[PDB]
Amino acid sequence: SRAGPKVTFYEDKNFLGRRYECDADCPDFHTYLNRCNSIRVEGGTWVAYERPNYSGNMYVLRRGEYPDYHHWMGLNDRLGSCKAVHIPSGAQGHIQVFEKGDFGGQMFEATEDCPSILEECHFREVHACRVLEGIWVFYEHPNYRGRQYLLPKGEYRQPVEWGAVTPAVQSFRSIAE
């Protein structure tokens, strides 16, 4: 965490056209950009949302260049808002996922990315989660695809508490910067 977070959204592919430079949470792009077809993340990790005020689908954006919306696995070229992800300092990521609600049933523990929950612990769904340290992104499908959910340090007694309407979770990634 040396430089401050910075992200630029562009209206056209390959970082062309009208752009919006952003260095803090922005709840509404639409006075600035009609569409988003490419993005450059210079510092920090960000989450962008399909619609203003942080609603609709979420997409994690890490450092680097996204020359078209497929690079962040957008459904299309519509983004409305974005937030900078705040990474706590100290112990690296530590997460527990539970086969049933309220931290019940079988538990699976990780300190690294998991590309397939089913492969590693044979859970088909996730119904609760404890993020002991760090901050993580849940993915609906194995291998870091499908709907995304952001889980800061805390306790999630059932999937609605990380914003999901189904218990579909099959991979996850820690956000270390």
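The numbering used is simple: start at 1 and walk along the sequence shown.
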Read off the CA B-factors in the entry, average them over 147 to 155 and over 28 to 36, and name the higher stretch. 28 to 36
Stretch exceeding the other in mean C-alpha B-factor - 117 to 125, 66 to 74: 117 to 125
Selection by C-alpha B-factor (highest) of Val97, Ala91, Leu79, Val85: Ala91
Within this chain's modelled residues, let me know which third the CA B factor of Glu140 belongs to: lowest, middle or highest. middle
Lowest, middle or highest third: where is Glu109 by C-alpha B factor in its chain? middle
Using the temperature factors of the C-alpha atoms in this entry, rank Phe9 within its chain: lowest, middle or highest third. lowest
For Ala48, the third of its chain by CA B-factor is the lowest
Record-listed C-alpha B factor of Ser1: chain third: highest
